[PDB]
Amino acid sequence: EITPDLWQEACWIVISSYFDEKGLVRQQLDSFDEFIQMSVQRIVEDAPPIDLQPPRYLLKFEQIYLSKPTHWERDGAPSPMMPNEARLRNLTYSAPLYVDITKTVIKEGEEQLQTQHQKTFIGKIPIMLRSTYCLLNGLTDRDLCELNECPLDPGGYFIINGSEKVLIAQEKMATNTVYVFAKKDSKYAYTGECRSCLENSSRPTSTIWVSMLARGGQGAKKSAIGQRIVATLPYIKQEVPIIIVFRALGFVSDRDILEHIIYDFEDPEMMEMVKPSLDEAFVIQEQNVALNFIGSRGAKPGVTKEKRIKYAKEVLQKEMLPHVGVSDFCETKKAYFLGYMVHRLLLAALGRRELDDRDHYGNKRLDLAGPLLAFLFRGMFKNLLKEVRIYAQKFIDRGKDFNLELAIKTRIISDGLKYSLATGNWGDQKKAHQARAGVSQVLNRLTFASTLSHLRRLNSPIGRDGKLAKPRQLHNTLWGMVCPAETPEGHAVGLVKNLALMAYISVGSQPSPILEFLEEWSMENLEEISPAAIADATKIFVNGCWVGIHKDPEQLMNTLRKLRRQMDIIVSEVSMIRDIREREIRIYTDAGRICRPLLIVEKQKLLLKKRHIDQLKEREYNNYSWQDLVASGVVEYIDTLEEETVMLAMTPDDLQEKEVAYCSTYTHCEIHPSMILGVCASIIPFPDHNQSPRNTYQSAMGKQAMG
Amino acid sequence: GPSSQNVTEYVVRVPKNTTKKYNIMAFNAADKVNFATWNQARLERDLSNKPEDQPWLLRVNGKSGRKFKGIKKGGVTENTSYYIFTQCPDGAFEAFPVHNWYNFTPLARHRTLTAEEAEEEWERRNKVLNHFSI
Amino acid sequence: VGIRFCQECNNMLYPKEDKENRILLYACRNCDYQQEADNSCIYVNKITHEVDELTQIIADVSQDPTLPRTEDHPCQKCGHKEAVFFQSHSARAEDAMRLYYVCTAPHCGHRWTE
Amino acid sequence: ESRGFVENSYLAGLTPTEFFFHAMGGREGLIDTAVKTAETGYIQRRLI
Amino acid sequence: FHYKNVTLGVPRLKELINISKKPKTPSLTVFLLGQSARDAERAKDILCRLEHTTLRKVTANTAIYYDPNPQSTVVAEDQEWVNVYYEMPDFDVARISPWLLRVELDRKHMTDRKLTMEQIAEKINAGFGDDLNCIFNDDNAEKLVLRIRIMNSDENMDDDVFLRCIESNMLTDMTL
Amino acid sequence: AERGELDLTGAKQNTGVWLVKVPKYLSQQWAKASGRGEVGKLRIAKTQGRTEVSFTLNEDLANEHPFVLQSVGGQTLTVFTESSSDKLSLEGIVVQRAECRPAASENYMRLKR
């Protein structure tokens, strides 16, 4: 039942199962189907109504529809356009967009008159080829050839004015986590950061620092007391001490503040460090005067008092840490997290935990076509509602009536998307100076392996001439997820990169099923549990938010693993990290993390028995494939963060034999170590015999070979 | 004892109406408040907010007595309702809905540091340390 | 060396001096709760920083599948003949190539350097 | 062998872990040349 | 970098091209005139005599105690030497400060620079004023401690925060 | 007799109350309470080393919910009221907290396996 030394033909029969199902450009096709099934319905549904006024009116949007791509002839007779005519006649491949609007008039005229106009035209969205909304979805080769299309064409690009455009995945620093750096040039001796965004609903992302001033400050006013922890909130001009912003949330006492920041009072070394933080916030000792202090320096200095106490209320309520909670209630959570952010800044000053790494590839996320078009659709749906008002008010002051089919300017969404895609600058037409350029370039069709190597390409958005080497050098974390040899020379060395063969980017989900498991395993609520009894507990994070504590981690870990093996409740993409030393547990569900499959290993033997092979070489008339292999708990997707708590073996028959051995607690095993190379670098014979710079040249040279 | 071998069965009712709204009044155990010391109490919505949303102000013993401030919890029936179960003379149980959760905490009626004055004092103290050096 | 909290308003008790009985008194700034000091020392500053990390490493590290193991050095408190060793992995890395061990037997957690 | 010592020859071929470290060395050796040209050209123009 | 630290190549050239105030590693090479250029011991003594050395490099730990009387001796064993000073009691001019500062030294870092707390004792006085007063052990005792009190002429702004300021100021501005 | 005056009777009586967490679907069944408001019957079995409480739905309400007892330690809980006549009253102190759960919530067994 075991697989002894028949391995060289067994590893290439599971890899065949992978590519027969997934393909090579599932990267592009899956983020689009997401943006257009969920990410577009949520944007119009979660939009404020436009109550407006005597009588007053109502308007709210309910449901979105789409139809197959269509072309309107010269005399107004529609017909479905095939992707070929779009190339020949310099057309554009797009689909019309509808919506249901309901309108109720509220004049308390002894009757509430409501009416609705369903399937109202809005605009036209481009369509990525071979998606679930294209005319080529699920066709057979006898029909793909009948429309003059190539059965080998991968898909995953747009047709815009005849051209063929492709979207480049952009890198981005991870959000909703705490990073500790040390700027050795400025006044700060340490710094923390946390970019927050409340679940895909905010155009900006509010960032907050928690600094600490330098030690060698020339001056006896501070020579004795020491460094003071400071904070730089958004939408305010001046720095603020932390005890002040703590009191603005309540918690005026100094026994209650110093239990959110220090979790055990048998530590004199840390309490000494927080003592000179109270001395400067000692005279201002009540809530309302504190709100005035922060409220005095904003985007507008308050002339009166009540406006400042009003102004300081929401900025500390809707711009401070929006990912924890934005409601005006539940402000004990914004206190704990702000405490954990400061408790972690002190640990970096006593030298108990190391600083974070900027280029560690576990702190990065990738923006595919999904999270890129959704960002561009918000700024043009708000812009469409901002100009129904301007047309309603001008038209209702005369008191005549209202008509909405004439209010919707359809050229807003159509020409909005089509513009930025065709030209690249990720902004607006009158905003050809404030946008990020370099996205959406033209597909390369020189040879068939120059096409595939274009639909799989990353890009780090740092400058193209900066001489700093650390964003250009090769990090070891890039093992198995970015090709190590393939990169261009010149001024863009190491700035654009191609991803490896089996690397898979996640698409995203909601964490509610895991929350049901948390109640099922009785994870302790943060608010319910004693603050004093927290040190002997492992803080449980979920997606960046502190959501409780728990005192039985080892049992939980085995339980989480069995849940993953069945995969019944949790999708494979999710990653679950546990660091024994810092005593916490993290869980992620968002989109942008990069994965790759591995082989699960029990005590010292693989879980892939021979029974799985002799029935996997029969997929043609058995309906047993890659999906039935994940759902049986023999392979597993492993993120980059999770890849630091794992012990890998490179090859079964050679590293999992009992002897005087290197290790004995192997947790995973690789499929074949040849899947760490890109697309253009896996056509070289014997690449492990050449000097290294040679393999870089050919991978940038087989892209311009005639065929 | 009966806590070990004790057995019984009682009827439960959930009346669709009540003569008074039911709320929870929570105290920190760490304070170990002697309720017997509460000869009287006053209970009014807090005036800083100048109604149902208003935080409570509890004044024990009428004129001379203790004082607490109660702050409403974020949610109470967001996923699961809370019920008050009471024993009746007929042995049957009666269940009462929890309308709200208010958090009550003790108050320090001592020391009053002033804003502008405090900042001014800090600078002079800061200045004094710098003066007369070496 | 530790810290003192007030018994009325739960704040930080400062040290003060009274010119009557020559005894250290801990006072509060908010309230004026008082009491005397038992150890009669305030400040201490360790510059050698020679803290032995035998007081900072945890016993559950023996569950790590990425650490080397040994059959040579057995545990003393239980006699188990399998340990897992590592380095300081912290600061004070001037001459830091010692080798701390941890027994791997369940519910022993014994730690020792050499 | 665990920190970069490649003990094979180009003829006998390299093992994967050695092929990666070789790639790293080559990459840094490839970046330095890209910087040098611009630097020297500009400084010579100034001096002349 | 393949070659301690020296700057050469084109960055050193444009450090020579301009005369910018900031060389990335300024260094003065020094040569020795007498037999000190021959024997390693005199070379090492002038080495230590040229290098800068502050106080926090020669201290093990410091503690602020509270002796309202010099005979109280809160810590158990320092009573011997402080007492053999006390039978020779001088400088009880105004008061005796109840606040004490106790410093421990590391003879490893002491002897490597050929220092002993006598010269330290005079210069920590001669150089800061006379507001401080230093009594010390004998080096035959293994651990080298010297205790300091403020000059009691000030007691006839809190003295505790002042003593902490002085403690945090002398270990970095020592100039041994 | 004043609006801001709170009755302390319950507290001073040391009156005890029980606190039970109930799922919404059950609570929605309970809004349809049978008769005056009856929803069913509670069953309590205590042994020398095990105590079992459960509730069973009214046959009418149907057209076993075990209880999980939860600690009330660390935080003193009392119940206070507001009448429809806006009079204020303290009914009692909480002597028990609990959370009924549906029996055999699917697989759990599979997860354990």
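Per-chain numbering from 1; labels A, B, C, D, E and F assigned in written order.
As a convention for this text, contacts are C-beta pairs under 8 Å (C-beta built on N, C-alpha and C of every residue); 3 or more make two chains touch, one makes a residue touch a chain.
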Most central chain, judged by mean Cα position vs. mean of all protein Cα atoms, is A
Pair of chains whose C-beta contact count is the highest in the structure: B-F
Where the CA atoms of subunit D average out and where those of subunit F average out, how many Å apart are those spots? 72
How far is the middle of subunit B from the middle of subunit E, if each middle is the mean of its Cα atoms, in Å? 57
Measure off the straight-line distance from the CA centroid of subunit B to the CA centroid of subunit D, and report it in whole Å. 69
Averaged over CA atoms, how far is the centre of subunit A from the centre of subunit D? Could you give it in whole Å? 34
Could you list which residues of subunit C touch at least two other chains? 9, 29
Residues of subunit F that touch at least two other chains are 74
At which residue positions does subunit E touch at least two other chains? 164-165
Would you mind writing out the residues of subunit F in touch with subunit A in their complex? 74, 105, 107-108, 110-113
Interface residues, subunit B side, partner subunit A - complex: 48, 71-75, 108, 111-115, 117-119, 121-122, 125-127, 129-130, 133
Subunit E residues touching subunit D - in the complex, by the definition given at the top: 10, 13-14, 17
Tell me, which parts of subunit D touch subunit A in their complex? 10-11, 13-16, 18-20, 22-31, 34-35
Residues of subunit A touching subunit C in their complex? 253-256, 265-266, 268, 271, 275, 278, 282, 351-352, 554, 580-581, 646-647, 662-667
